[PDB]
Structures are given as structure tokens and as C-alpha cells.
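Q: Below is the sequence, then the experimental coordinates.
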Amino acid sequence: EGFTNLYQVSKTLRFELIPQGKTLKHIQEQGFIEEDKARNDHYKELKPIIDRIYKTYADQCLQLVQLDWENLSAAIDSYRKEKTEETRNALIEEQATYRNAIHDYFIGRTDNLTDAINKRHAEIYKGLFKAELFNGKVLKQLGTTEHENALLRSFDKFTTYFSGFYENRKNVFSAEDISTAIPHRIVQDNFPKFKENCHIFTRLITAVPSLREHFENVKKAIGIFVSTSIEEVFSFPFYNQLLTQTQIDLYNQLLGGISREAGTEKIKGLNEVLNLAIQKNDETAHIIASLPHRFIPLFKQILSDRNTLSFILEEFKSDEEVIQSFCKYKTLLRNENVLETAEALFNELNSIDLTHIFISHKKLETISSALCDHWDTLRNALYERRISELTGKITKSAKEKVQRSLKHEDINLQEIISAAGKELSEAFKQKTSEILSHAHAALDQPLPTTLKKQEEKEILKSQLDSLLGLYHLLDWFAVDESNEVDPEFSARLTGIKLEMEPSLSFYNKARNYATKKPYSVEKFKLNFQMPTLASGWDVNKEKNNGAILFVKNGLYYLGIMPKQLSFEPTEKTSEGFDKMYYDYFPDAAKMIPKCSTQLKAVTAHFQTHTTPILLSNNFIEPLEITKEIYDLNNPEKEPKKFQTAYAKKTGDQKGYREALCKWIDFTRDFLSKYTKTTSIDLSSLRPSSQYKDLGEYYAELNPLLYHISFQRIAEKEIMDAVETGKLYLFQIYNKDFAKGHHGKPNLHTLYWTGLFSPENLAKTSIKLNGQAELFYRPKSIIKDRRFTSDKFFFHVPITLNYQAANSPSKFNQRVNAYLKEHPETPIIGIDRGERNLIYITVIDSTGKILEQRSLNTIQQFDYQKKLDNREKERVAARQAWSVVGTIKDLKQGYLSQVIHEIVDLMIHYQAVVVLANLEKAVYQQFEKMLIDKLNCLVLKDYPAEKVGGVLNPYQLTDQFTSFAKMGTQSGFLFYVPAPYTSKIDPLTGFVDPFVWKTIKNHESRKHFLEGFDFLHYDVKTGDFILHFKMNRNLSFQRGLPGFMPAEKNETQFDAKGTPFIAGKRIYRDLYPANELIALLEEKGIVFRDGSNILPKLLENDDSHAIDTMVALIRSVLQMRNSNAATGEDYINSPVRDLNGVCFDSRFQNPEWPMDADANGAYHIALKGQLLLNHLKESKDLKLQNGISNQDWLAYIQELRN
RNA sequence: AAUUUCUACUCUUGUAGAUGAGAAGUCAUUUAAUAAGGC
DNA sequence: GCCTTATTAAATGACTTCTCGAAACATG
DNA sequence: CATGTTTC
């Protein structure tokens, strides 16, 4: 062990602040809260405005850019046709090049546009990241109603709020590859999708040129990109035209299509036309089907609202809006009172001549399902009557023409009536009278009040439901005037349909307002009328930040001193609080140059002068600088000399060590001479010449700059200051701090007390950070109480392992050279089984199982059933227009305890944990929180200074930088591929070698049976043996030969005495053996002599008997047999091991997996043994990349045979 | 049925575990409605 | 009844970037 | 000059 203090972790603590004495009253009198929330409100108001600034500028820039994307296209193509570290790097660096080109356009050093406009853009940018935005001078250049500027100097003199915001906006414009940057989105996101789209287009054309023309006029029909050929919109320079959002939109529409007001025919986009073409199911459609069919739409451009040429409804504001406008609509519809004339039309149609009543072909199938048994029944009742009416000889060709004649033509009413009989008629009449009655019902019943509560919403949903149902019913009949219709009928039928369309609009608007989220009050930011509030903690500018701390006998206190004086310390244990004293020097990388080399005066003198310059201000011993140092940190070159990138370009380390050596010497000069840090005793630091890379030096320098001292003040003084109003005191408090709580505390409270413990204050494994904020949340054995009062919340960050390195240096290789050193440690592994969501496993290094568990239920609570009920209730809520609700809190309380004992008997077994890398939200969440808990591990009982305590944590996982860059192995957690863990009998280490999609027709089934050597009956044992050599049936197989070259249905009993049938297989569950005990007696084949049965069935060549035999071999070869109703998930093995045992998980032997999922987890963990046993097998190295199925599959067997 | 907050609890005016916050952005998915089709 | 492709709205969920600062500077 | 702002 000893894995601790490897890399720092930063966490955030939350507390409640309780005002003391007049403090709370003071806030009321000052009304800080109203101004604070008011400023928050104004911030939400102000954001989209300033965002219009950023957006407009980015738009101008991106309009200007035209690049040649071919080099990038090659960099991708050259990535994989064949890909290695070389092609990967080369592509990363050309990605870099294109990114940096766009960013060049942004900052105005690009070579492309003229230098005057370049200067314009640069000036604009430099203005774009600071309070300059609010002055409005920056807005002046770009091409501001009286409201916005009022908000603008509402935040004037306060702008440092938006300080945070500034960074985010820089994150949009950065040239670094970061998902949130525009250049990234253009280079790495959109352009590859574009290029692939060009590919799809080109392949499709070289296969099907007709399609090209279709594409052209599809583009003609959508009206997009009229000036440009279809072949050009798939050229790369067009992707130059694709950088603005408006263009991205238009593109994605030419793929997607335009949809205007509901009920009207939709305009088809390319993807649609392709899909329809495929569903035409001819030779062509077969071809397209073989090719890629679906163009990829581009991602949204950062920061900018999407646009559409399609239709969007007018929003519904509130209750009175929806109900008043709806009620007006319905009372209008009853004022027309031709809901009566709909019934009049249905009686009319059962009276009038029926052949003139026509039904749309599109609606016919829905008709058949509604009024009749199934859709099939009406459509092919029509079919066989139309066939019966065919003349003379009948060709299948004719029957085909029948089918497409039904799909392309409307039907008279007595055609369907006479085809399906009169059972359909009064089915019709019955549904008719129903849909009308319901409609009439909803027209009478009034509308409620407001919609505030659900049942109130329910009558609305129902009424709209039945109105809309009448609309559908009316929508059944043939629209076109081409069809022959009794003029009165069709005339006022289209009349009442026109009457019923606003019900469609009302339905959708109503759904959209109703299903909106309900209002909730939550926390807002308290800065107490200073913009720098709780920026950072230390001494000089506490006066500026107004925030200090206090401790009394274990009580914590946040003091906050809004501005318009000082505090006097005394000896300890005289009636008073101990106040923290903080002195801190933020990271000297940023800072030392700021306070020494980068001063405006230093620069200004140095462009003029060579002669060095001493500076006397905030320096005990005057500190001088020389051209060598100043230009050392400002080369007028891209790389800094002492950082390694310079070392790669310059390839000469001698000079580089000289550079970083004298730079470090300068840092120590400064420190020894700087007012704050001259007092700090640096003796611990190694000789300056020694350090290999500068970053380490900076990390070892930086902790000695953080000191937490403490001094007791007296409580009469600041009782007076509190009751004055000069100082606002809150108790930092939580549940563990109240009273009459002693059970063990929460982990964050241990972080806190331990943070301020005397031993940590001695020297620090944990540190207090700035950036803390204050919060006010208004209200909404009594629960939710904490939300029914107005309360103050305190957010402070802390850091763990301060002394430790910023990022783990080479964590995983050594992290198990620890596993290199003891193969003894067992292996935990995990599968997410569908039957039971989490399943664990623990296997001995020798390969013998220890424990098998399910976590469906923990702490005598089933979380699987609670979840199951919860998501059922969810979808019920969404189809009912009920508030959906959040499952995340439940999910992670469950997974909270799961994490708890997972790491607990990870510890007690001192083992490596192994997970599965690819329903699945629960899994991915699971190992997220697991990785997080193993980045920092603390045990509540342990003493602080002992490893595992609040001062010394365990870290078993490489730092989580992100999920995408995760290698298979992180720290002790090892990722492994899922496949074949699930489906493999453990004893056998055997599978179905083949996909069953290649055994399709009768010839291939015959060949498949001719690949097997023999099939005969064993008289002694009573079961059948089928021998197969893995070198046969190579055309059917999945290409996994593995290692080996080549059940009587009984009533067995488990360890508990429960009966089950041997060899039973499973929706549908049935035994394959007893038919072959029938099938062979149906064909009269003699199997009881041990005779080979296969040549008799193949020489007999019965089609049905051979298909049934292949289906039997199918069912035997399926090991996982599961039916949810029975609760059966089991593994039964088709082959017998060398010990003469057919494994069945229904025997319930604990030495072996109890259910399919248990076997799943079991080989998952065992594969980890295979991996760390491979690098046990090869001396030294670094963990293996991936497992191939072929390498895994072989393995078990030698081990197992 | 009490919480910085979550989940689970109640011999205990509380109990066991968990808990990286804030800001910004993006993507995915569900449901409904609609359009053209497939079965 | 189910499904494909697409558009619209409402919803939840999940991922990815940055900050976690005292002191220099400037504005009036 | 004091303090919000911008810095490296």
C-alpha cells in the first residue's frame, strides 16, 4: 500500500449560516437581499444582450473566413485507412493548424484579410473580454434600446460579477481544442460530418446517378441553396460557407426538410427521400440499402439561437390565456352547432348511395385497426375480393398489381363493406356514435377555474382528446375532388373538418403549456454589496473581501464586514473567539512575473534601455532585473525558453538548464526580497540548479506559501461589533454541529474540523480556498421544513493533498507494479445485468470464486423495485401530461450505498476492481461515482495522520480528467470489454461459433448439417451427442476457432430441492429434445442403435424435418435461457467438459454462478486475471491495450480443460 | 419521520451511508402531435 | 398494432470547459 | 487616495 498524497483533489463544502443578534435585523434594515437578488435578476436580463455582442462579432469573423479544407480531409483519410501513433499525432497537429487559423481570424493576426481590418478585430477582441463591453464603445463599431443601457449601468461599478462570465466567453473563442470553443466545433465537430456527407453523396451517385437529379430538385423544392449545385453543396469550399449558424440551419434543413402548420403535407429532405426510396423495396432500394443512406446534420454553432423555415405555434402565456381562448373556441363551435351535423352526415351516409363515399388509402390501415380486428384483415379482405373479380387465368404478377392498386387508390364504401361484410358497418355506426357522443360531452362540460392542479389538467386533456378524435374520424374520408362524392356530403364534410382544425392547434399548444415545468424557488448569490466578496481569504485584503472566520469551542463562524475598522488581538482564554489568520501567495507561476518582470514600468524602461533596473517597492532588499531575465520570460517568441516545448524545438538541453536555472535563481531572489515572502523560510528547497523540470520546482515552492495561523480575539469586542452593524456574524453550522448528535458525522464535517485541527495547522494535508460564495434561498418530524423557511447557505471550496503534485505523475504503471509485486490479491469485477441491475463478483487469484451478490436490495430495501415503479410512474406521467420528476437523487442514493460497500470489501480483500466498458445510464453513472470515490478515499473511524484518515487519503484511481480520454486501465480500476462474459458457460468456455443470419434458406441449412461429423443416441446415458470440428462450417462461423479443435430431459434438483428439467430451453419456453424423440419417430428413423442420424435426414432430404433439426441445434446452442414472468435467467451448457458435467446454473452450486448475470460478472473479473496475468507473464511493461475475442476465448479452455 | 443536499432509516429533539461547487456551453434521450411511407 | 425518415413543443440526463487569487493597475 | 478591475 502507501498509495496516498499522489495528486491533489479539490472539493466543495456546503453549510448553513445562522445570523446572530442584530446581524439578521441589520440585513433587513439594509435590505441587502432585495438588492442582491435584484442584481441576479438583472444579470439574467443582461446576459442575452451582451451575448448578442459576442454573437454578432463571431458572425462577422466567421463570414470572412475561407480556407482550403483538403489538407484536413487528407489528414482524416490518412488517419484511418491505416492509423498509428504517427497518423494520430499528425492529425491532432493539423486539427491544431485549422483551429489556430480560425482563431487567427478572431484575434486579427490572420494572414488573409488586410492588416487594417486585422487591427480592427484585434482592438475589438481586447475590448471583448473585460468591463469595456459595458461602456458601449465596443458596441459602437458593430452594426441598444433605452431599457438595456439602463440595465447596463445597473451593473456598472459592479461588473466583477461577470468576471466569472468572462472566462466562459473566452472558452467560446479559444484556439485550444475544448468542446466549448467555436474553432473546435467547426474543425473537429462539423467538418468531419460534412466530409462524411460528401462521401455518402459520392458513393450513392457512383452507384445511382438518378438519385443525383432527385437530390437537385429536392433542393429546388425546399428553396434552399438555389444558386449552388447539389454537387457543390457537397464540395468542401461550401463547408467554408457552412460556418454561420443560419447556414448550418439551412444545411440541416436540406437534410431534414420543412414542416409547416400541422395537417399539411411536409416538404421532404434528402434523408427522407432516401428512406422512402429504400422502402420502395426494389433492386434500386436494395442497392441504396447496401450503401450508407442517411446524411449527418451538423452541430449547432456555439452561442447562437437556431432558426427554422418550419412553423412554430404561438406560445400560451398562462391559465386565463389557454382556458379563455379555448372556451371561446368551443362556445364558438357549439354556436355553429354543426357538431350535430356530423351525426347528420353519418346517418346521411348510411342512408345515401354508398359507392360515392370514399376513404383515403393512407387512413385505411388505421380504419382496419380501429373498426375491425386488425389492419391486415380489412386490407386483404379487399385483396381477396379484388382477386375473386379477376378475369381468366391469374398470374402472381396480377395479384401484385392488386396489392399496389390498393396502396395507391381510394376505396368506395361498399367495396370495403362487401369485402369485410356488414360486421364492419355497425362497427362503424358504433364507433361513430361513440366519437360524436364523447365530443358532444366535452362541448357541454365547462372549463375550470385555473389549471393549477392535475385533475384540473385532466379534464382539459380528455376534452381535447375527444375533440381531436372527432377530427381523426372526419380525417378518414377521401379529400381529393378527383374522387366521386355526393356533392352535399363532401361539401359540408370538408366544412366541418375546416371547423375542426383549430382543435388540432389547440391540442398541441395546450400540451406545450400544460407539460411545462412548475415554478421553484432556489438559491441565489449573496455578495452583500461588494463585488469582491469572499474572493480570497487572506490578511491584507480581508478588508476588501469582508470575509473572515471564527471558532469558539468547536462552533464555526463566518464574519462578513460590509464597508462603510480594525480588530485587536489579546491573550488566549480570555472570553473570546479564535479568529483564523490566513496568509497565502497564489501560484508563483502566474504571480512572480506579475510582481517582478511584467510590471508596466519594467517593460517600459526595457524597450528604451539596456542598463538593468532595481525596484524598491514592496521589497525588503531592493530587487533588480536585467534584459536577460525580462526577455527570458518575454522572448518575443511563442515558446518560453525554460518550458519543455522550447527544449523539443531547440534540442539543446545545456542552454535550457542554464535558462531555467537562472530563472529559478531569480524566483528565490524575488521571494527572499519580497515583502510577503521574505519572511517565509525556504530552507527545505533543493539546490536551484538541480531541478529537472520547472513545474516540479513550482509545485514544491507553492505549499510553503500557504500558512494558516490563528489568534484569539475577545468576544465582548465583536459582540459590540455585531450589535453595531459594522460586522455581520453567521454561525457556520450543519446537522452534525447542532446538539444531541453524537453518532458519527458526515465526511465533509470531518474534512472541516480536520482541516482546522491542530495537527493539520501544524503542516497541512488540506487547505481552505477562496471563491466561496454566500446564498439566500426563499421558502416554498416535519419534512421539507428546511425549504419552508428563508435560509442562508455557504459554499466554500477546499483542496486535499496540497503538498501532493497537481496531476498524478505516472500513476497506473507503478499503480500496479504493486500488482506486479503480489499476484495474491483477488479480483472484484462487476456486470450490469438486465435481470438485476448490479451484480458483483470476487475471484481468487487461483480462479476459485469467493462470493456472489446482487445489489437489487440493500439495507433491507429493494432499489430495483423502487426504480421500476418510479420509471413506470414516469412514462405514465408523460403520457398523462403529469409533471415528470427526477430520478437522479434516488439513483445516486442507491448507488451511494453501493459505492460504500463496494469500496469497503474492495479494501478488506485488498483487491483490484474490474468494470465493463461500452438500460446503460445506471452503469455509466456507477463507475463515474466509483472513480470519484477512489480518487479520494477516507474512512471515518481512522485517525487523521494515519493513512485513510482525513489527513492521509487513499487514491486508487488515476485522476479523472474526462471520460473520453480514459484508457482501459485507470488506477486499480480496470476497464474490460463486455462481450462473451455474458454468454459463455464457465466450464465449457464454449459458444455458438457462428451468426445465424447466414443460415437462412434450405440449401444453407443442408450444408450446415453436413458440416457436423455425427449425431447419434447414447443408450446408457439417454441423451444425444453431436460432434463438430471447429474447422468445418467455416462459412457459417463468426471466425473464432478458439482452442478446442472439436441433454436427456430429466427432473433434477438444486441444493434446495427445487425440481427443474434438464436441457430445458426458453416469451416462449420449450424443450428441443422431446420433438427429436418425436421427429425421429415421425420420419421413422432408427436412432436407438447409436446410428448416425444426419446422413439419413440429408439423404431423405425432407425440407421441414431439416429446418426443424437446425432449429433444435439452435435451441440447444442457446445457453442463456430467460423468461421474466418465470423469473428464470439461467445458464445451461450444450457441451460436456472433460469431467463429464454439463453445467446448469439451476443446480444452485455456490462454487459456480447462480444465474446468467452471475456468470457474467464472474468471467468479467476473471478476464482481469488474464490481463494482469499477461503482464505477470511478460516482465515489466505497462498495461495491455484491449482484449481480442479470439485471444480471450482460447484462454479459458486450456485453463479449463 | 428531522438533513449543506441526497438516499435509507427512527433505542437517539436524531440514525447510516454518500455529497465538486459555481458559472458557461453542448449533446443525447423520452413523450406527444404532424407528414410521407413500410409491414 | 408495430416500424422508418423527418419537423415542432415540453421534459430529463449527461458531458465538457473554466475559476477556486493577492496584488498590480487606473479611474476620478 | 480608495476601490473596482484586470493581471499574470
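A: Received, thanks. Numbering: from 1, shown residues only, chains lettered A, B, ... in the order given.
Q: Please tell me I have it right and residue A:991 contacts residue A:984.
A: Yes - taking C-beta atoms under 8 Å as the definition, residue A:991 is a contact partner of residue A:984 at 5.9 Å. From N, CA and C alone the C-beta is placed, and that goes for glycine too.
Q: Give the residues shared as contacts by these two.
A: Counting by C-beta atoms under 8 Å, 6 or more residues apart in numbering, the residues touching both residue A:991 and residue A:984 are residue A:1119.
Q: Between these two, which is the more surrounded one?
A: residue A:984 (23 against 19; other C-beta atoms under 10 Å).
Q: Just confirm the more buried one contacts residue A:1196, I think it does.
A: Yes - with contact defined as C-beta under 8 Å, residue A:984 reaches residue A:1196; the gap is 7.5 Å.
Q: Give the residues shared as contacts by the two.
A: Joint contacts of residue A:984 and residue A:1196 (C-beta under 8 Å, 6+ apart) are residue A:1163.
Q: The longest helix along chain A near DNA strand D at all?
A: Counting by DSSP state H, the longest helix found in chain A is helix A:32-64. No - applying C-beta under 7 Å from any atom of the strand, one finds helix A:32-64 separated from DNA strand D by no less than 11.6 Å.
Q: for the helix or strand just after that helix, packing partners?
A: Following helix A:32-64 in sequence order, the next helix or strand is helix A:70-77 (DSSP states H and E). Helices and strands touching helix A:70-77, by 3 or more C-beta pairs under 8 Å, 6 or more residues apart in numbering; DSSP states H and E, are helix A:85-107, helix A:191-207.
Q: Remind me what the first one packs against, helices and strands.
A: This means helix A:85-107. helix A:32-64, helix A:70-77, helix A:115-128, helix A:182-184.
Q: How about the last one?
A: Judged by 3+ C-beta pairs under 8 Å, 6+ apart, the packing partners of helix A:191-207 are helix A:70-77, helix A:209-222, helix A:236-241, helix A:283-290.
Q: could you dump the ones you listed to a markdown table with distance to DNA strand D?
A: Formatted as a markdown table, the helices and strands packed on helix A:191-207 follow (distance: least, C-beta to the nearest atom of the strand, whole Å):
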| stretch | distance to DNA strand D |
| --- | --- |
| helix A:70-77 | 33 |
| helix A:209-222 | 46 |
| helix A:236-241 | 32 |
| helix A:283-290 | 56 |
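Q: Nearest to RNA strand B, out of the ones you listed?
A: Across these, RNA strand B has its closest neighbour in helix A:283-290 (9.4 Å, C-beta to the nearest atom of the strand).
Q: and that closest one, how far from the chain's centre?
A: Here helix A:283-290 is found 35 Å from its chain centre; the criterion is C-alpha atoms, centre = their mean, to the nearest Å.
Q: For that helix, buried residues please.
A: Of all the residues in helix A:283-290, those buried under the rule 16 or more other C-beta atoms under 10 Å are A:285, A:288.
Q: Next secondary structure element downstream of that helix?
A: Taking DSSP H and E, what comes next after helix A:283-290 is helix A:319-336.
Q: I'd like the domain boundaries of chain A, if you could list them.
A: Using automatic domain parsing, the domain parsing of chain A gives A:31-180, A:188-290, A:319-514, A:592-691, A:815-981+A:1171-1200, A:996-1152.
Q: Which among these is found nearest to DNA strand C?
A: Using C-beta to the nearest atom of the strand, the domains of chain A put domain A:188-290 closest to DNA strand C, at 2.0 Å.
Q: so how far is residue A:858 from the closest residue to RNA strand B within the stretch 601-750 of chain A?
A: Relative to RNA strand B, the nearest point of the stretch 601-750 of chain A is residue A:743 (2.5 Å; C-beta to the nearest atom of the strand). Separation of residue A:743 from residue A:858 (C-beta to C-beta, to the nearest Å): 20 Å.
Q: what about the two, which has more around it?
A: Using other C-beta under 10 Å as the criterion, residue A:743 and residue A:858 rank with residue A:858 on top: 16 against 5.
Q: How many residues are close by the residue nearest to that one when sequence neighbours are not counted?
A: In this structure, residue A:858 finds its nearest non-sequential neighbour in residue A:897, 5.2 Å apart by C-beta to C-beta, 6 or more residues apart in numbering. Neighbour count of residue A:897, defined by other C-beta under 10 Å: 14.
Q: try the one 3 residues further on
A: One way to gauge burial is a neighbour count; for residue A:900, by other C-beta under 10 Å, it gives 12.
Q: For it, which three-state class applies?
A: At residue A:900 the chain is in helix, as set by DSSP: H, G, I helix; E, B strand; the rest coil.
Q: can you tell me which residue is nearest the centre of chain A?
A: In chain A, the residue lying closest to the centroid (C-alpha atoms, centre = their mean) is residue A:921, at 8.3 Å.
Q: Torsion angles phi and psi at that one?
A: Note on residue A:921: backbone dihedrals following degrees, to the nearest 10 are phi -60, psi -40.
Q: cool, residue A:1038 as well?
A: Dihedral angles of residue A:1038 (phi, psi; degrees, to the nearest 10) stand at phi -90, psi 10.
Q: which residue sits farthest out from the middle of chain A?
A: For chain A, the C-alpha farthest from the mean C-alpha position belongs to residue A:392; by C-alpha atoms, centre = their mean, that distance is 63.6 Å.
Q: Tell me which stretches of the stretch 351-500 of chain A form strands.
A: A:358-359, A:411-412 (DSSP state E, counting those that start in this stretch).
Q: Please disregard the earlier target; I meant the stretch 651-800 of chain A.
A: Under DSSP E, counting those that start in this stretch, the stretch 651-800 of chain A gives strands at A:707-712, A:728-733, A:766-768, A:773-777, A:791-800.
Q: Quickly check: the longest helix of chain A near RNA strand B or not.
A: Yes - Helix A:32-64 is in contact with RNA strand B by C-beta under 7 Å from any atom of the strand, via A:47, A:51.
Q: hang on, the earlier thing: how much space between the residue of the stretch 601-750 of chain A closest to RNA strand B and residue A:555?
A: From residue A:743 to residue A:555 the distance is 19 Å (C-beta to C-beta).
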